[PDB]
Amino acid sequence: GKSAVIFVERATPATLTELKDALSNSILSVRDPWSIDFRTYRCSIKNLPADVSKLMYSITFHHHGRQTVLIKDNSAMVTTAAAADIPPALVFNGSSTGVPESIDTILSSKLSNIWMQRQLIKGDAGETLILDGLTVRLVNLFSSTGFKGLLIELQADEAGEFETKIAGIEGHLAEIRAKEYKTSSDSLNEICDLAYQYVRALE
Amino acid sequence: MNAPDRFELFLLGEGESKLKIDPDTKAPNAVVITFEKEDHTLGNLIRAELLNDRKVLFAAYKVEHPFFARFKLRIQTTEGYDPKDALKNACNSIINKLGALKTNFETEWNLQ
Amino acid sequence: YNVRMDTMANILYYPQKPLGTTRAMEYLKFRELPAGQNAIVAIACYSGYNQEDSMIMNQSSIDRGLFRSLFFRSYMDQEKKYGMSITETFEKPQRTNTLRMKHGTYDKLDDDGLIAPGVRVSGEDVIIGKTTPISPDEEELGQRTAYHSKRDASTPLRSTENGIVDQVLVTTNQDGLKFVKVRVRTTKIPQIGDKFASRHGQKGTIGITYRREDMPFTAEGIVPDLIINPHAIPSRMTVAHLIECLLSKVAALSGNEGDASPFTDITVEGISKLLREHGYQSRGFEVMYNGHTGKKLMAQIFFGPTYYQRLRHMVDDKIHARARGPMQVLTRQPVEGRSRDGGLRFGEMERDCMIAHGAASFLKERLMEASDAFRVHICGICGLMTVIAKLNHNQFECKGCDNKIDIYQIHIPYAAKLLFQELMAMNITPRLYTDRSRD
Amino acid sequence: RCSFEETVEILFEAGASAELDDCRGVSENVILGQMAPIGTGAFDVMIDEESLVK
Amino acid sequence: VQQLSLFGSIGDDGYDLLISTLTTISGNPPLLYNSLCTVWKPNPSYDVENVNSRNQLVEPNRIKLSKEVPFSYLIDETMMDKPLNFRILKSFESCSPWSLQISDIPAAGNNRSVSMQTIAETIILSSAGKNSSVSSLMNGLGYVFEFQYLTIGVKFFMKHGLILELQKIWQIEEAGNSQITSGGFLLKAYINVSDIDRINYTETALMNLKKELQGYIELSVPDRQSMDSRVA
Amino acid sequence: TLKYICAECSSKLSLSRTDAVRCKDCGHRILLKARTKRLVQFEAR
Amino acid sequence: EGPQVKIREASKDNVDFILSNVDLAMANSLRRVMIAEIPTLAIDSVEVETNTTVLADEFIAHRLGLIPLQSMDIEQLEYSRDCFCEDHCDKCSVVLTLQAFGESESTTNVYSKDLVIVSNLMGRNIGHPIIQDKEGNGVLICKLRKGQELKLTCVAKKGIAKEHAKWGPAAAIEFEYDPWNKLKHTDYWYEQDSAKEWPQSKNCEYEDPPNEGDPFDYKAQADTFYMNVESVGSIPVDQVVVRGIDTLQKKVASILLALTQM
Amino acid sequence: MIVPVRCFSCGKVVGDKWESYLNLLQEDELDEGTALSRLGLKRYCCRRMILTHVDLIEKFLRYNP
Amino acid sequence: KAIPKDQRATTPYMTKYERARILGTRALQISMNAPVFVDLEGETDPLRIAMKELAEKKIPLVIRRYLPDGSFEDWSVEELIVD
Amino acid sequence: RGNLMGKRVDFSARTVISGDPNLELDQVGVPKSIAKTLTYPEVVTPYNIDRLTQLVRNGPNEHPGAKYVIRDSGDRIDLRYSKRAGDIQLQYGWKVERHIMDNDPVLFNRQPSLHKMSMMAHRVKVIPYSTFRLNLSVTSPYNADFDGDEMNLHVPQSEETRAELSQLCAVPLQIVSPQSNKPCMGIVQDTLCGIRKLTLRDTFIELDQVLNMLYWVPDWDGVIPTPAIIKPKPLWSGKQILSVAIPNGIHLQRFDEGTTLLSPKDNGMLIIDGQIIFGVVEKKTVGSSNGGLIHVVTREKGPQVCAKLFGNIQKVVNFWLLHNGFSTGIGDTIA
Ligand SMILES: [Mg+2]
Ligand SMILES: [Zn+2]
Ligand SMILES: [Zn+2]
Ligand SMILES: [Zn+2]
Ligand SMILES: [Zn+2]
């Protein structure tokens, strides 16, 4: 599959309705809502080697397995907090107790002296619009300071045509007078490349 | 010493929301909406538009304590009508009047 | 004051001369060295936060530097030599060989044991590090036989204080002893608990602080910096407080400082005419508008500038709470004083009030667990505290009456035990019996 | 009597004349640091085991 | 997670007798299993103030990652053609889903019946990127490899969440593999509890197990200092 | 050694330990400690 | 239909206009928003290197905090908490510095124009000290004599007046309505007569007396407002009014968006 | 002291009016109210600042550092 | 010396001090895991439970009223008329 | 005198007291620093094991936390340096010392304290700043004024003494002093001067303000009373909107010189079923008089609803007074 995240900074809380009405001629079906969190941490160590990132990204996907990917220095880390996603080989041998938890709780409780929670973005009340071979999800970003921006998630199972779809999405973004935006669609696992699109799209 | 930070007067705290819709049992079809990090500036402006409507029977607001940025808005409309719709019409009317005030203000400013 | 080391100083930021000035001030150097500021004052019953000599001050005026003052605290330390053999030395104490070291931080000290000026310091911070030599065979208490070296005896900053060290100087005194004086400055922003006075006997603290949009305003646009309660005036019968406000308004409009001498020919009607010539109301009233609703007030407000002064009394030097602290050495009771972390006194009248309410359990708890509670053993034959108690093996005796079986246990306050022991030292027997022999 | 004013004289006369104190006075119970017969403490609270089976 | 464990130790001769005893008691044959555990200690080259952002003291603790591995990588050449059961113990791009855990010091209390220990656990599913190795991930978090040990043994499944781990433990190094439990087998009896009634009921289960096994094998309570993984 | 400043003439002494307390070139025993060479952060509020 | 604005006086500092056809709640809300809910740029952190002045350090930091700055393109400068960097960056704040040293025997005066911009603006027009003096000299910060240096670095950050009074672009706002008392909102106090004691306001020229002997007023509402806005020097008056109306519109729209999600 | 910045009420900048004020007083010999009328101050809230200011920095600078 | 039930000549009404110490001691016992005789309506505070037991006279106590001559009486809180 | 009859004790705080009309009659505003300094030892029970566990997991730095734990063995573990250990689980029978939260009765006192009313219990309300906030209907038995006066606050350390202190010492339970068989607490200062102007015949309030006045009442039933004048324009009188603050079921009558059923001078007082018929409320009606309104409600509807009467009356009269406006100039003394 292919994914592409486009972040619109100069956006309004009503821009999601404008872009939603722009695609009314291609909406086939609407699925269940989705939620995602984006936490940005900072290293607290006073001794780091040359050329190294001082921030640690964390992207928590809701209902996508209740997962959390940690990104630092172009590296990923797929973690989970649900007990149903634990392989039976880790429970049968006794290596897993059976009741996991979020990694952000450990990073904010046990490892808080090394990594401190700097930025927090909570994204709820999403919309899953299914088009003609492209699943576009819309969500608004809200931080402690209020409204942040617009987040666009593009996921398509077709590995062939994909540039025309994102080009059309950017066209509809240009029709709603939504100028100045960052388009991310790079790679490094689909969830790792997607989370990397979130990092390259939100930084 | 012990006084709270100044930026807390307008920034929303963690684990909180902007509006707290709480049904009221003092009168039929009555609701109390709690407003956070606001004062009389929004409460009186909303209450006025709530009083300009004919579907609203009762409408008031109050600031419980000046040391906390919050105020309660008690609304009570007629049977068969929701106060949330009246609040939406109030917000739309305020946005329209402010937009006409900005357009007319700029138009009159371009003549000086 | 920049070249002196005075203890407990308070220098106002923007000292302002009054408007209604007296001629005698010219001979008292008051216009050159004023002790207050002129503040726009309204006399009204606003949000009820003005009652009982309470005042509401504008927050935006406070943020712009109104009645803000500086406090300079000087800590003077000196090293001494008893019999030349023991010599106190100013130095940075090491946490390895120094005993009796305070829990404060020693990172702000230099190599000589002092804090250079400009370093921001807070409470429980050592300003001057001083150590005293000790003898190994003199005390040997705890770990004194391991530290070997010296004992800490530094002079830290106050527990509740904080600020920026202004100036530090070192000098030899009369007999050649190297002493050092320190001076730390701290800006004390006017708080709600701070007290303010005027030039008419009117004194009172701040009730609450509001912002410009929360303060009433006139039709012209002048916001009061301080509002007081009308009920101050009639009872106290200070009419001069209104005449100084009116004449201060006329002086603020005309630009000439009004003469406020005692025995002159200046009347109130003339000041009313001079104010009437400037366009305002001759009686000092002015139409005010509400700050919350923006609606005109039904009654006009007496509105005008008035000279005010800030007193030494502040809340930051008064508030204190104690929950299990240090006790005295004599009575083993909570100490006296805020600097020593002392508790409040539950005097005799308070106990009499507790008896008036009929609460004996709160009295017993307040006079035992809340203060001091001691456990002693008395003998059955004689009611004196001669019962030697060696309870590591559960053993008891009472000397002089042949008892090793019947020993009673009682809980009495330590002060009562001091009374009984002083009576025994005064040849008086306070025999205590748990049973009623008289019946 | 000694608590009010002249403490030492009253105490000395007490010890001299072999005086006995009943120790139900207010100040006496205060000094010794235990419950006095005033208000709540002017009556004892008991338990009835025949009432627990009710 | 609150784990309540009682340990023991047997020899190389009473292995069949203990397997037969626990087989007749639990009514189920033992299940052969193994697990590798790697311990990551804080990097000595890095120095960080042991204090949180709220001015609170922090105690350094080691991080233990455990996983599984089939016996095809454990059986050599002289072990082939043998029954795959409990009688074997007598003859002795991306990253794998690791199990990250931190164990704390057990609770205090003299004359205690069980050994309660608080252990945090999160599941490391996978990773990607340039430094996708788990070692480089731990180095990115601020931990380096200290030691590792591979344990192979048998486990039982009774009632009320009780586990009996009769296992041997070896230290995996380059110079050689030294057997820590040389001469016998290590016995374990732990229950994983996610309430006071359930904790006391678990203690009742462990006391019933010790009372039932009284006379044969003794299950005492280990020292707290023997289960403290803090760095000093 | 640490840098010191004279009372009156305000000269840079920088005398070490075991040198008593006295200015060179003049007899003013008042010796200043001078301000720290590191930055101090303040807030305008 | 809606409100109408008739500007009477238009200057560089004071602008008086008439805002009518507005319920008292929208006028009071407008002046409250213009006084409070408007962003501004002011100095938030003062780093003092060397200071030999007779004034206190935090005193000079206070005076520097009260100094106004230009704040036009402040809309696209993010807040300090909103930016994900550590401390600051060319997205949140503007870096300034001051170096003063007494030269000749006559005392040297430190002005606000002595501040220079050493940080990149990325095309913005903020950070310039507002000079409104007729002689071309900035705000007199402090005085210095020969032998005293003053070097410091200030960090100008964005903020509204709710955080501190230094972020106050607007000044005295002249609010008035109903010149000739006909709405019966104020009962004038009089010793002999209210017409001989209370003078007439200026706005009375734009209306007429209600005439004695006419029926009582009870059905007339409060309208025809007289609003005089005064800017200190940061942003012009049209940006104050427009940014205030857009501020209240973003607040009401934020409440509508907060109600839609329920 | 040394010219209070802004004002303690309205908020208008006055620090740049001191030098002119004295300049109007020592050169034109005008009164205080006339000079305050030339600076642009129309409210007494500002007038009390310049009128009641006691500049003590001049007496502070006469000390040698 | 324990006056009998037919000779108890004290006030049958429970005073404010007796109610106070009964609610205080009863609430103190309830705080120390005492058998509650009344079904709770969801309370958590011990004083509210003690007042709930006093409202139904389910408190198992009896008051020993001391007389000035040294005697006493036994008035159970169940037979005492509250308020 | 200094060691037996009296003594310096712990668990107390002394600071400057100030007024706050938004608070209740029996409450007192305690600063956060005092609430974090003083403590109270609570017993761990299955009813609050989760809450006390949260207080332990919060830490002494946060206000909803604890300071020390006391095991059943009689040993105290400090929460400080206990986080270095890791986890602390509570059991049944322990005593965890928490901070002073809300609804905690503590004794309030002011020297020299010559009344039994000078020391009265109060309900703690945590508020910022550093001054003790309290209602102005309690400054008359304390003989205090908000001009630098400091007061003392004592905290009980046991549940038995807290319950005995709440059932014997209370502000509602001390409205009518036995000194002169008349209420010692009443409406003083600006509220008494404002209620008179509110109870005038010329006092009329519009609908938009009457709604806020009725909503400022905490125990308002939500039924808007019929205005006194309908068409032209609905107008409410001060006695009508003020009668809502008075609880129903109160009857009172007071006749003076020249007082008649019509009362042209508006003298006397008449209230039937909690509704003011005629009479201007002043010192001889709501003040500290013998046959006053507070003395009738205190003996009719008990001390609880009477304790709510101070709050309702103060909120209504103050809310009408901040919009009405009052001052005092020099023209009041001009003849
Ligand atoms: Mg006093
Ligand atoms: Zn004896
Ligand atoms: Zn020299
Ligand atoms: Zn930034
Ligand atoms: Zn001004």
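Heads up, residue numbers simply count up from 1 along the chain you see.
In case you wondered, yes, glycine gets a Cβ from its N, Cα and C as well.
The Mg(2+) binding site annotation in Swiss-Prot covers C:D53. For the recorded site, C:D53 (Mg(2+) binding site), the DSSP three-state label reads coil. Around the Cβ of C:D53 (Mg(2+) binding site), the number of neighbouring Cβ atoms within 10 Å comes to 21.
C:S135 (phosphoserine) counts 10 other C-beta atoms within 10 Å of its own C-beta, drawing on all protein chains shown. In the three-state DSSP scheme, C:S135 (phosphoserine) falls into the coil class. What Swiss-Prot records for C:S135 is phosphoserine.
The Zn(2+) binding site annotation in Swiss-Prot covers C:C379, C:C382, C:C398, C:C401. Look at C:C379 (Zn(2+) binding site): DSSP puts it in a strand.
Residues or ranges marked as zinc finger by Swiss-Prot: C:379-401. Taking Cβ pairs closer than 8 Å, the zinc finger (C:379-401) reaches residues 407-408, 417, 420-421, 424, 429-433 in its own chain, all 6 or more past its ends.
Highlighted in sequence order, C:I378, C:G380, C:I381, C:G383, C:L384, C:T386, C:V387, C:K399, C:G400, C:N403 have their Cβ within 8 Å of the centre of the Cβ atoms of C:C379, C:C382, C:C398, C:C401, the residues recorded for Zn(2+), and are not part of that set. C:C379 (Zn(2+) binding site) sits 61 Å from C:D53 (Mg(2+) binding site), counting Cα to Cα. In sequence order there is nothing to list, since none of the recorded positions C:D53, C:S135, C:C379, C:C382 has a CB under 8 Å from a CB of chain F.
Filtering C:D53, C:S135, C:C398, C:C401 by Cβ distance to ligand 2 (under 6 A) retains the following recorded positions: C:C398, C:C401.
Around C:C401 (Zn(2+) binding site), the C-beta neighbours below 8 angstroms that are at least 6 residues distant in the chain are C:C379, C:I381, C:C382, C:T386. Least packed by the Cβ count within 10 Å, out of the binding-site residues C:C379, C:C382, C:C398, is C:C382. Following the DSSP three-state reduction, the secondary structure of C:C401 (Zn(2+) binding site) is coil. Using a Cβ-Cβ cut-off of under 8 Å to chain J, the recorded positions C:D53, C:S135, C:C379, C:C382, C:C398, C:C401 reduce to C:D53.
Note: the CA-CA distance between C:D53 (Mg(2+) binding site) and C:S135 (phosphoserine) rounds to 61 Å. Rounded to a whole number, the C-alpha distance linking C:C398 (Zn(2+) binding site) with C:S135 (phosphoserine) is 40 angstrom.
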